[PDB]
Each structure stands twice: as structure tokens, then as C-alpha cells.
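# Coordinates in review
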Amino acid sequence: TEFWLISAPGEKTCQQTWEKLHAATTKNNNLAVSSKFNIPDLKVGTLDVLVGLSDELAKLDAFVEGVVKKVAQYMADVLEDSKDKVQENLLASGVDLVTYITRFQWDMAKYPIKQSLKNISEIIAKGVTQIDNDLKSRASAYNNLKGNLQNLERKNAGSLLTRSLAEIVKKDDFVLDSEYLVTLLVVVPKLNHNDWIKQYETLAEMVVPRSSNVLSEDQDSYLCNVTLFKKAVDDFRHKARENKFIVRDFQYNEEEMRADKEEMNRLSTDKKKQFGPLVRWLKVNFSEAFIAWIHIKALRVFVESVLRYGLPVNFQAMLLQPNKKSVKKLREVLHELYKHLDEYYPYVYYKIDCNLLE
Amino acid sequence: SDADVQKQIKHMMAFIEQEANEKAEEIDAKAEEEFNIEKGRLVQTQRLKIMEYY
Amino acid sequence: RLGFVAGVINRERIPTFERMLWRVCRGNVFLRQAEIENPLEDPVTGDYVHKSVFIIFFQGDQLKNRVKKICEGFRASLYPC
Amino acid sequence: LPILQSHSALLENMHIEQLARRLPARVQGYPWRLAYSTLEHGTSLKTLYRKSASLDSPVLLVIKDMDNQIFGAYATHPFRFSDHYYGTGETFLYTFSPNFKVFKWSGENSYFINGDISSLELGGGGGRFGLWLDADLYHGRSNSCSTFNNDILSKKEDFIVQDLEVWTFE
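Parameters at a glance
Residues numbered from 1 in each chain as written, not as in the entry; some residues may be left out. Chains lettered and ligands numbered in written order. Part of a larger assembly, values for the part shown. Heavy atoms only, no water. Helix = DSSP H or I, 4+ residues; strand = E, 2+ residues; numbered from the N terminus. Rg over C-alpha atoms; globule rule 2.2 N^0.38 Å. Buried < 20%, exposed > 50% of the residue type's maximum accessible area, 1.4 Å probe, protein only. Areas by Shrake-Rupley, 256 points an atom, 1.4 Å probe, with all protein chains shown as cover. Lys, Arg positive; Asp, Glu negative; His and termini not counted. Charge placed at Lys NZ, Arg CZ, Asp CG, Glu CD. Contact = heavy atoms within 4.5 Å. Buried area = accessible area lost by both parts, 1.4 Å probe. Salt bridge = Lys/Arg side-chain N within 4 Å of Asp/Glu carboxyl O. Polar contact = N/O pair within 3.5 Å; in protein donor to acceptor, adjacent residues only side chain to side chain. Nonpolar A, V, L, I, M, F, W, Y, C, P; charged D, E, K, R; others polar. Pairing = 2+ DSSP bridges. Axes fitted to C-alpha atoms, helices over the stretch in contact; angles between N-to-C directions. Parallel < 35°, antiparallel > 145°, perpendicular 65-115°, else oblique. Left-handed = near helix turned anticlockwise from the far one by under 90°.

In the nomenclature of the PDB entry, chain C is known as V-type proton ATPase 116 kDa subunit a isoform 1 of Rattus norvegicus. Recorded in the entry header as its title is "Rat Kidney V-ATPase lacking subunit H, with SidK and NCOA7B, State 1".

The PDB entry lists chain B under the name V-type proton ATPase subunit E 1, with Rattus norvegicus as the source organism.

Here it is as C-alpha cells:
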């Protein structure tokens, strides 16, 4: 969904050109759903300001579009499930994008019409620059917690080669806290385990018989403790690797199993405690960034109209919702209505894109 | 076409008329601001000095 | 402050020159031009060129920079008056 | 619902809520951080400026006079020295009298905030100030100014500050 904005002079007052315009764009065929657009009478001034703004507002448009797109994408990045509900949460003035475009309001309190075009443009630049500063801050908060929970999940997923020791390690399977004794830990495929049950006793000297003790088994593999005298261990581990038996030593590490459990609980809980505030801040920031984005469109339209028609203003700001089947005929009617005024056009032209919600 | 050149000449008159007023209004606005600041700072300082004397 | 420039350009460049002036100084440039009473001789090649005078009017230095950039783009020469 | 402060303050939880109801959207729902306080820091104008000069955020001023009345202002920018006026229309003055009262911008002039070498001041309208404080934050003045059309705020037009604080949003 896309909307077009235009502006052009009235014959003596703004109404008179609109009456012909909106009729032709809706009555020749449904070329666009057509209306006035809500740009107020901002305080005019010197060409030095208007031309400076005519370049600065274009740089600010590209920046503010990038910021409001990033706000929308951050809301999509917290909505990792219910992705389609993005369009129910991206709102401006409390309504859907197409609605606040169609029903635009200039904020005469946040952007007082009696201020200069430079002052209003700087309020947008500063405000949205702080939204970008907030997006850098909130990314550093969220993306690290996201990545840590993904790594905790990767430590739970897959076979005994990747799932967590904290789910399977128990004290009775270990021989530790000793001068001459060690417990080693090894992973083996479920087929190869039938050899491993005997073969571990052949890897090194100083191994007691019947000392392989499985912690658990799965769809691919087994993990076992091996209990043995200390002299065996370095030859045992090296010859295990040379025979593709994968060493994964974890000697009942109470601090590490406690860390995996507490951090799995914490990072899930903290990701939820980020998600709520993030959706609220991203709603306010999206509202303000999209409002301010359309205020750059309104400023570009206004500044170019006060340029193209000077200070004795009678122009109408206008809104169109083009139909893709007839958009070439829409341009032809807009030209037919306005060819006497002078991509480029004899009328003022700009657009708004609703695909922030994809 | 000369008619559009005459429109542009009339537009240039509107810019410089209101730009001359805009420069004057900035000078006047600064004059009122400096009047307020100078009168306020001086009066309150001297008023406090005579109040300490009282 | 008011501002203006005056200069000389080859006569065939005028339609693109005035269009570009109205693009950079968006919709707003007062100007005039006329052909010189004879073509003028090139100091290096000795070719005779059908040059034309022009004059351009505006406000402030921001428009002075736009009109001057387009004059240089069409290889036109401005003079003080 | 009502805001949490980083420390104790001149204000009760009912005062905090009554002020929090008036916050603009840039600062709504933020906890309040102590910028300056006569209860925690040196009683002087230069200290208030120095403690505020590292900020780049809105602030809440709070005052208790020697007649126990509480008053102050929300302001869009930190307190500092200023050659000209600064601040924007979200700035307002307030008091508890004993009920809470607020005095938002009149629209008449941009004379929101200024700082002299030897004073801090709010508002304009000739020789009048909506708030004024000396170099010690000891003597102060408060009367109706055209920037806010405010009441006296203190118990008397001339007042002595018992205590003063500045807070910000973080």
C-alpha cells in the first residue's frame, strides 16, 4: 500500500482547484481515493531558509525513514512469534498507518505553526536522532540477551554432543575428590557404543574393568562416565579421540550446572521483561517517528509550495491513494489538471509507503 | 513566457518585503528580550541591595 | 539582501540554461538575454562565436551559489556590475 | 503507577504522583535521578550549575521556603548560565498551597529559563520573574509574569529558601 501527496495553487482560494482535482481522480475512474491533506499555515520567511530546508529536509527524510523502519523492525524482532500481529501494534495517533495517512493531523502543540521552518525541522532532527540513540541503547540491551538465550537453547538442543550436562549429571556416577582417582566423560554414537562398552578398557593401562557408566542415551548417541586410576587419563583421552570417541569432561561441576539452570531461567525471564517495555517504547517511538516522518513530507510539500507559488499562498495540500491498475492514467489526470504550473512534475509531488509492516 | 516571469517578479517582491520585516522583527524580538533581561537583572540586583540596607 | 548576476553564454545553450536555473532556484528566477551585435573571436583558436548576454535576479547568497554553479555547468562567464 | 526516585527528596509520594501526571511523553514512566540537592550537596548557585552542566535532559526544580511551602518548575533543559533565554513550551511552574497547582506556558513570550552570573531565573514580563534565586540559593523572588500568568508560589513575594533540589529523568 502506497499514498501520494500533491500541492498546487487555487484560482483565488485553495478549494477551487481541489473541486476539479478530486472529482477527476475519482469520477473518470477510481484512479485514486482522493482528499485534502492536513498541512497548516506555517510561518513563512526568506528564501535562505526555504532553500536550505529544501536540501536538509531531503537528508532528514532519508534518515527519519531509516529510523522509523528500524523501530518497526525492532518490533518485528521482539515479535519472533505472532509476526503477522505487527500491523496491530505499529500505530500512529492510535490508528493503522493507512488510516493516519488518510486522516493526518499536524501536531500544532509539538510543532507550533508560528515557529520558523528551520526550528520545526531541527525539532524533528533532534527528536528522531534521540530515537536513533535509544535504538542503539535498546539494541545493546535486547540483542545480547537474545544471543545469550539462543546460546542457552543451543546448549539444550540436539544430541549428547550438544544438550546440557545439567539435565543428565548426577553425583553417584562420579569418583572424585581423591589423589589417585579420576572420572573422565566420553560421547559415542549408538551403534559404536556396542564396541565402546568393552573397547574403553583397551585404550590405556591402569583402567579397572566394568567402569563405564552411562549418564543418558538418545536418538544418536550415549554419554558415559569412565572411572579409573589417574595414570591412565592422558593416554585414554588421546586414544579415545584417535578412535573418534569424543571426550566431553564434566566432573560434576556444580557451579556450571547451577549456572546453566539459573541462566536458562534468568535469560528467558529477562527477555520477557525486555519484550514488554520494548513493545511499549517501540509503540511510542514508532508513533513519534512515523508522525515526524509525515511531518517531513508536510514540510517538503509546504516549503516547495511556498517556493513554487511564493508567499501570497492559496495552495491546497492533497492526498491520493493510487490504484496500481491505473497509476499511469492518475499521472495523466494530475498533469492535465496542472500542466500550466510549469521523476519531475509541474505540480508538487511526494509519497508515503505503508510497507513498514511488510 | 513573460507572464510567468512577471509572476516570479511579484513573488520576489513578497519574499523581500517579508524578509525585510523578518530581519527587523528578529532585531525587535532581540531588543525586547535584551530589554527584559537587562531590566530584570538590574532591578532585582539593586532591589536586593537596598533590601539588605533596609 | 537582494542579489543579481550578469554574464555571457553561447545563444544555443539558453533553453537548457533557463530550465536548469528554474530547477536549482526552484520555480523562481527573473532573467533576460540578448545576442551580441557580432560574434566574438576565441583568444586561442581564433573561431568566432555567436555569444549572448544574460542577467539573473534573486535574494541572498544561497541562490547566488546555485545560479553560478549552473553558469559554470554551461561554461558561461559572469561579471561584476 | 507512581514514579520511583533514586533517593529521598523534598516531596511526598502524593506530590510525586501529582507531578508525574503532568510529565510530557519524552519523560513519562522514567525513574527520577537526583541532579542537585541542598540536603546532599553544597548550598550554592555554582554547585547547581556544575552538577547540571554535564546533563542534556529535562529537569524538575523543587523548593521549600522558610515558610514550609513547596514549589518549583518542570523545565525542558538543564539549568546553566545563559546569554539569552532558552527552554520550550512544556516548561511550567507549580506549588502545593496546600493543594497542587500548575502554571503552564501562556504563549505570550519565549522567556522560559535564564541564568545570570549571580542568579537563576524563570519567566519574563519586564522587571518581574516567575521565579528568581540569588547566588547562594538563599534569597529568592516570585510573582506573576506574562510567560506563565503564575501565582506568588512562595508564601511571600520575597522569600528565603530553606531547601532546594533538582531532579532529571533516567
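### Concerning the overall build of chain B
Secondary structure assignment for chain B yields 1 helix and 0 strands. Since a compact globule built from 54 residues should have a radius of gyration of about 10 Å, the 23 Å found for chain B marks it as more spread out than a globular shape. Structurally, chain B occupies a C-alpha span of about 80 × 5 × 5 Å along its principal axes. A total of 54 residues make up chain B; the buried ones form 26% of that total. Accessible area of chain B: about 4200 Å², with a carbon and sulfur share of 57%. Considering chain B, the positive charge centre built from 8 side chains and the negative charge centre built from 13 side chains are found 6 Å apart.

### Regarding the interface of chain D and chain B
In this assembly, 20 residues from chain D lie in contact with 13 residues from chain B. With both sides pooled, the region where chain D packs onto chain B buries about 1400 Å², and carbon together with sulfur makes up 51% of that total. Remark: the boundary between chain D and chain B carries 3 salt bridges. Between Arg 47 of chain B and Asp 158 of chain D there is a salt bridge, with its nearest N and O atoms 2.7 Å apart. Remark: the boundary between chain D and chain B carries 11 residue pairs in polar contact. For the side of chain D that touches chain B, the secondary-structure elements that each account for two or more residues are strand 6 (113-115), strand 8 (131-134) and strand 9 (139-141) of chain D. Residue classes in the side of chain D that touches chain B are distributed as 5 nonpolar, 9 polar and 6 charged.

### Examining unusual backbone geometry
Note the cis peptide between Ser 97 of chain D and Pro 98 of chain D, where omega equals 0 degrees. Phi is positive for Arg 210 of chain A, which is not a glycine, with a value near 55 degrees. Secondary-structure assignment places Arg 210 of chain A in the loop between helix 6 (193-199) and strand 4 (212-217). A positive phi angle, near 55 degrees, is found at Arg 75 of chain C, a position not held by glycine.

### Some words on the arrangement of the chains
Most contacts, among the 5 pairs of chains that meet, fall between chains B and D. No interface is formed between chain C and chain D, the nearest pair of C-alpha atoms being 26 Å apart.

### Structural notes on the sheet that holds strand 7 (residues 315-322) of chain A
All names here are of chain A. The 4 strands lie next to each other as 2-7-1-8, forming an open sheet whose pairing is antiparallel. Single-partner strands in this sheet number two, and they are strand 2 (32-36) and strand 8 (348-353). Neighbour-to-neighbour, the strand axes of this sheet turn through a mean angle of 25 degrees, independent of strand direction. Sheet analysis places strand 1 (residues 2-9) next to strand 7, joined by 6 bridges and oriented antiparallel.

### Comments concerning the packing of helix 1 (residues 15-27) of chain A against helix 9 (residues 327-338) of chain A
All names here are of chain A. Between helix 1 and helix 9, the least distance of the axes is 10 Å, while the angle of their chain directions is 155 degrees. Judged on the interaxial angle alone, helix 9 and helix 1 are roughly antiparallel. When the axes of helix 1 and helix 9 are compared, the crossing they make is right-handed. Counted together, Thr 17, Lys 20, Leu 21, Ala 24 and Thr 25 of helix 1 and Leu 330, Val 333, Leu 334, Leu 337 and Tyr 338 of helix 9 form the full contact between these two elements. Among the residues making up the contact of helix 1 with helix 9, the classes are represented as 7 nonpolar, 2 polar and 1 charged.

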